[PDB]
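In the form deposited in one PDB entry, a lone chain appears below as structure tokens.
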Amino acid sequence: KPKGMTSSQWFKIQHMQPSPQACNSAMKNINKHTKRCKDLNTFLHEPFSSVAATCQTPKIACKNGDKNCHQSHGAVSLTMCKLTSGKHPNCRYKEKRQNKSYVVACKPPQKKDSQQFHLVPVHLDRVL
């Protein structure tokens, strides 16, 4: 993740998009912090409080075996942004808008986090 960023702010910047936006504009806020074009990225069309609430679901196993994953109560509007062409930072994307559930790994916020929910998302483990 970018150096100096809190885990949940990187999560916010990569997966929080309540107001849907075109992939090719939105992906620039991600790739300005990366060295190569991100190949696949999912934007969740929900505010941060409702993903924070997902962290209050029962603990489930993440893909990597951790036990801090949480599934959403239901499906939400979301956009997948798959890379198709370009050399970084001129990344070009094709979009796919679906309605699906998701799974997030959560932990307590850090001291610098502006929204102190008792558990915040820090990675998107799945799109079911």
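For clarity, a rigid core is taken as the largest C-alpha set superposing within 1.5 Å between two forms. Heads up: residue numbers just count along the shown sequence, starting at 1.
Mean C-alpha B-factor comparison - 110 to 118 and 17 to 25, higher one: Looking at the record's C-alpha B-factors, the answer is 110 to 118.
Residue of maximum C-alpha B factor among 49, 85, 68, 56, per deposited coordinates: Of the options given, 85 has the highest CA B-factor in the PDB entry.
Which of 99, 31, 72, 42 ranks first by CA B-factor in the deposited coordinates: Max CA B-factor in the entry, restricted to 99, 31, 72, 42: 99.
B-factor third for the C-alpha atom of residue 62 within its chain: For residue 62, the deposited C-alpha B-factor lands in the middle third.
CA B-factor ranking of residue 78, expressed as a third of its chain: Residue 78: CA B-factor falls in the middle third of its chain.
Ranked C-alpha temperature factor of residue 35 among modelled chain residues, by third: Top third by C-alpha B-factor.
Here the subject shifts to the form deposited in another entry, a form of this protein not shown in this document.
Rigid-core fit between the shown form and the other one, the member of 34, 77, 71, 42 whose C-alpha shifts 2 angstroms or more: After core superposition, the single residue displaced by 2 Å or more is 34.
Displaced residue check between the shown form and the other one: residue 25, CA, 2 Å or over, core reference: No, residue 25 moves less than 2 Å.
In the other form, shift in Cα separation for residue 49 relative to residue 115, 3 Å or more: Note: Cα gap between residue 115 and residue 49 widens in the other form.
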